[PDB]
Amino acid sequence: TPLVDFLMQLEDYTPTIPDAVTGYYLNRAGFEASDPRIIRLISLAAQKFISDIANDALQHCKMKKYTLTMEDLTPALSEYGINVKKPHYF
Amino acid sequence: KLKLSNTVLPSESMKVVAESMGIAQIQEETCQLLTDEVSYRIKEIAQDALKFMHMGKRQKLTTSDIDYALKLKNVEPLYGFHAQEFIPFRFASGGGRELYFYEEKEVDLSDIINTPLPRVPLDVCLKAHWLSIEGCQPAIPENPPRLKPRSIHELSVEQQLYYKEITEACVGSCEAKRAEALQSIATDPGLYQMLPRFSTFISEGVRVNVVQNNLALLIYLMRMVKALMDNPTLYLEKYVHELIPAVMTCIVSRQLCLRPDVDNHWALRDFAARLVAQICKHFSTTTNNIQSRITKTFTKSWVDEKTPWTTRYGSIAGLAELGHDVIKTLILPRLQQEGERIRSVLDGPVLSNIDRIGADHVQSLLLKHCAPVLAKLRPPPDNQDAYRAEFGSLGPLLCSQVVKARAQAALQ
Amino acid sequence: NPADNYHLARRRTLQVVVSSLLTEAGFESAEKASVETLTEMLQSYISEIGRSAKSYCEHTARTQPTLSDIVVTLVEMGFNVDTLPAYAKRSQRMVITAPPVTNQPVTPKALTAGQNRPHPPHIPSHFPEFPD
Amino acid sequence: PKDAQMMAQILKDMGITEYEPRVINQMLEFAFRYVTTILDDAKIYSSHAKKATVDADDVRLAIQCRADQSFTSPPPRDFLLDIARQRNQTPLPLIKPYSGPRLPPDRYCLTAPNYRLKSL
Amino acid sequence: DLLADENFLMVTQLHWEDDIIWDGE
Amino acid sequence: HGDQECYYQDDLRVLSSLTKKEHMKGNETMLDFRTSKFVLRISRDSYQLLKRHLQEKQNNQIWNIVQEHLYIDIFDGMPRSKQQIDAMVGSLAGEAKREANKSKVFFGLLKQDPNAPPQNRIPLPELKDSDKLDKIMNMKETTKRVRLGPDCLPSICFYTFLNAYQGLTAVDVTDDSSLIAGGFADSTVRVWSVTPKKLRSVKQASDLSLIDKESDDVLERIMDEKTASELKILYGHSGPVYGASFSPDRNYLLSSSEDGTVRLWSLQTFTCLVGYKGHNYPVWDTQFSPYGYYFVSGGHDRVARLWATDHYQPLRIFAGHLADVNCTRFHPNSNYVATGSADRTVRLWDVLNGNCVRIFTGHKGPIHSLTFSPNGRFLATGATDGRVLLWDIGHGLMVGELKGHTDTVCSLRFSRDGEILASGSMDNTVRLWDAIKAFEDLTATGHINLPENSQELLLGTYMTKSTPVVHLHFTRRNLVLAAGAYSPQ
């Protein structure tokens, strides 16, 4: 039960996103805060998604580090199947 | 009469989008075909987002109404990105993109971390009140607003009583009462049509309350004036001709009671009076009537030779709290006179009078004002002995005050 | 101000979380439209495990979701859940605190002392006093 | 702006007097998202027909093949009236007098023992 | 414009400075 | 387009958008307008001039469009005035036939009344001893009930939601003024106790197994005092809760939302029990029956379903509207369901056979409030045009028009006696109307000459501080309750 062990360790762990903010967007969708550790695992999963996109974007920036531009998010999300849109109207 | 039209998006914006994508050489009929399709979908959604506005009982289309109007038409509410697979986010609104027309389009990544987060507001609570008492709407703050016949007072018999409870509470026998009355004055919506009797009670009170210098009676009346001013419902500038000479008298008058000890409060009596005086010159302002009139009286109080030092200290405070430019243009050519007055109090042995206390308070206040007046219009170079060109009043201590102001600016 | 703040406090924390993950990656100074893009994908991701793990538990006749309802929710979003114990034990990670909450003495409401008239018998005692 | 001033006239032609300032910004974000998925599919359909110029029949194809999937509608009136008369013919069932809390079968309700992990 | 309501408010038509009590006695 | 009546501007704007064929092939409201027939009630004195201008070959094309797309329902009588025609038109496929409004409607109350239905017509639930105990303390409240009339105007107690930065979208109060529910835009339902008696959940199953039944206290024994708040928040909707409805036994809160589900919350355990998934679309309203077994929910999919809290599937589908079913209200005998809608029609539906027995047209905007008279004889409807139209139910005729309000009338209720109709709208006013002088007179022309008497029927107008009156409730001692989020705007 590796993940059951991890969730049991998640008590005493503070995630990058607060549980007052992760729990707010969970309450908006009907998910109510029965257990803090479950909120913390959801917060960590969201963090991993954003972090993986960011790291792929940084490999693209290093290939072309420093500033993150929309032309770095565009090929980074293209392997994810997500076509990001430029603003172009402001 | 109805000249309703059909407005569509411009086609010269649709060719810019097409050639910035790799689709070049598009015809005008091809380009007009794009801008009537997408202008219908904007019209189809904004008519469908108006259903959620009415159902939520709002008159303002919020940003979330288009998120539900899009989800209703089986289109993902996501605006910034589009996921072909659709499995990571399935019809989940990300709240749009906080973007502007006048934005910077590049920020530093530690600027967003170091800014303080906004305060989460209060949660929803249920309070009850009364719209109608047997047909009549009460004037509570939860509600918006030949013999000739024997006339009636324009106040209810009951109406006279509050005038009576609030005035007998505002003379400060008990502090929580004082407050209960204070609370009432600052937010009673129906306190108009009683306001002549309050203004007359204030004005008449200060004038027969400076016959014997009763400081509390005066500190309570000044707090009553401050509570009268911040009430948003009542119309005050019909009564300010009684209000202003009362506060000038608190600031520019001699103290008939013990000179020292409560002079600390006396400074606050002049502190509360100068606060409400510059708040009255901030409001009620028309051309060359109110602010310039009190400025002229303050300046001829200052340039008057051989003043009472209580009157001197009060007028100094009054001219001091007038804002940024007023001390920038008025306190400048007068430092030598202030220094000479301080030197006279110092030389003459007389210590049992109030002249020495008045002098110390005036010098401290003038030195603090001069400090930022300097911090505001010059660099902080040569803060050791250059102030000796200005008679050496505050000097290095003034420089230290300027440094403390600079530290506060750095903290901001 | 306060209604904007209700939504903004929870969006600005999401933006600071995004800025912190970007810094951990190596990015210093990002484009502005690239930050409001990524914090919109972050809010849409928390709101999607909210709607789908509630749907997976309520399909099994329950009301609050366990661990087995999220490890099937994250599978249906393509997450590869096993890599998450290694991500949680980073040495580079930051912590953003919860935003300030406007609470004074639980509730700072004590009304005012303006009670005189009683109640006619069609108004019970638990309604507010008839105003003075 | 140019395209943002036309968006305030599409809303005013629909009688929307009051709206948030972020309403115009994200209808332009949807209108940009919609035209860069018609024209993206239009050159996919042009390369299928093997023509170097994306002409008006390609955009006619890409509109009606995106409107066949994206923008749906409620069910039609001849479909709603058929499932109504199929449902409204069945008579109302009688009620058991002391069955208790009247609920559906337990696989259709949300009443389960509703477990949680032991904290250790 | 000289018939504007403000012109007739007694703050703009009264020498209320004379009221301020200085060194009263 | 500019010679069209001013009340038709919204439909005219939707039409101005429609220029293509495929734009109209997915609208489903103009698709049902093109296939239906406009009813167009005209008199025989004016139809003779019309048919003497259409039976000639000079205009045989516009005569061909008339006899293809328009019904014409002829009545023998006086031609109506312009301010009487303006009172009863306004809908799409509007001003329905008199043959629809001639069915026999059992508009009487249950227990002789000849207009009352039998008790075994609709299989209503039994009256339990705890439900019979409720009516014993209900008639103690009726003892203190004041006769309101035009002289003893009622006192209004506004229950404002102060902070409410999540937008309040649904309010309900129990029949005794004891609970107040709030449906909010942050997908929550929040129950407030207004009596000095905190909201308690019942004890867990381990605690109930050790106590005994058959005790007199029983309910008191079961309450948990460890869980006792003045506020209980209910989570589980994934969208803004639009409907809120209490059950008459003060259990069983109902809520409907944007996510297409109707939810039955217990008020003894304060959890969710059932999620009724029949709509795929936003359910705009729900209401329990006044006997508490059936409930009706109307949604964006242009139907209203009849549920029974025992089946996962509905029993009756009321599927005749051409737009969203905004409101759904039960009759006081619960044999009839009134469904107002966004196509400017109000329709009564028999619970047996699912048939539409009345069609009430004459509103200019989408109907956002319905209420029934406590007699069961009358029906008040409000819409976005600020008009409160009072309809007869036996005759199927509007009996009055109340036109004091400015913005959308979002809440109506009659008194407990029926003496006063209270109206609350978005102009932040609670208007009181004389609901006895409005029904002093009780055809074949299918219409009555409405009196233009609104000024005499207004007993009072009370303005809220920047607060739209979302709910109106009448205490059993005839005290008006109103709830609305305070929005400074």
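A, B, C, D, E and F are the chain letters, set down in written order, and residue numbers restart from 1 in every chain.
Just so we're on the same page, contacts are C-beta pairs under 8 Å (C-beta built on N, C-alpha and C of every residue); 3 or more make two chains touch, one makes a residue touch a chain.
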{"item": "Chain closest to the middle [Cα centroid of all protein chains]", "value": "C"}
{"item": "Centroid comparison with subunit D (C-alpha atoms), farthest chain", "value": "E"}
{"item": "Pair of chains joined by more contacts [C-beta pairs], A-F or C-D", "value": "C-D"}
{"item": "Computed distance of Cα centres, subunit F from subunit C, in Å", "value": "34"}
{"item": "Separation of subunit B from subunit E, taking each centre as the mean of its C-alpha atoms, in whole Å", "value": "26"}
{"item": "Between subunit B and subunit F, centroid-to-centroid distance (C-alpha), Å", "value": "46"}
{"item": "Of all residues in subunit C, the ones touching two or more other chains", "value": "2-3, 5-6, 10, 13, 20, 22, 27-31, 33, 35, 37, 41-43, 45, 47-48, 50-51, 54, 58, 63-64, 66-67, 99, 101, 127-128"}
{"item": "In subunit E, residues with contacts to at least two other chains", "value": "none"}
{"item": "Two or more partner chains touched - positions in subunit D", "value": "1, 3-4, 13-14, 25, 29, 31-33, 36-37, 40, 71-72, 108-111, 116-117"}
{"item": "Set of all touching chain pairs, with the criterion as stated earlier", "value": "A-B, A-C, A-D, A-F, B-C, B-D, B-E, B-F, C-D, C-F, D-F"}
{"item": "Subunit F partner contacts - residues on subunit D that touch it in the complex", "value": "13-15, 64, 67, 71-77, 80-81, 83-85, 87-88, 90, 92-95, 97-98, 102-105, 108-111"}
{"item": "Subunit B-touching residues of subunit D, taken from the complex the two chains share", "value": "1-4, 6-7, 9-11, 13-14, 16, 18-20, 22-23, 25-27, 29-40, 42-43, 53-56, 59-60, 63, 70-72"}
{"item": "Touching residues on subunit A, where the partner in the complex is subunit C", "value": "2-4, 6-7, 10, 13-22, 24-32, 34-35, 38, 41-51, 53-55, 57-58, 61, 65-70, 72-73, 84, 86-87"}
{"item": "Contacting residues of subunit A [partner subunit F, same complex]", "value": "27-32"}
{"item": "Residues of subunit E that touch subunit B when the two form their complex", "value": "6, 9-12, 14, 16-17, 19-24"}
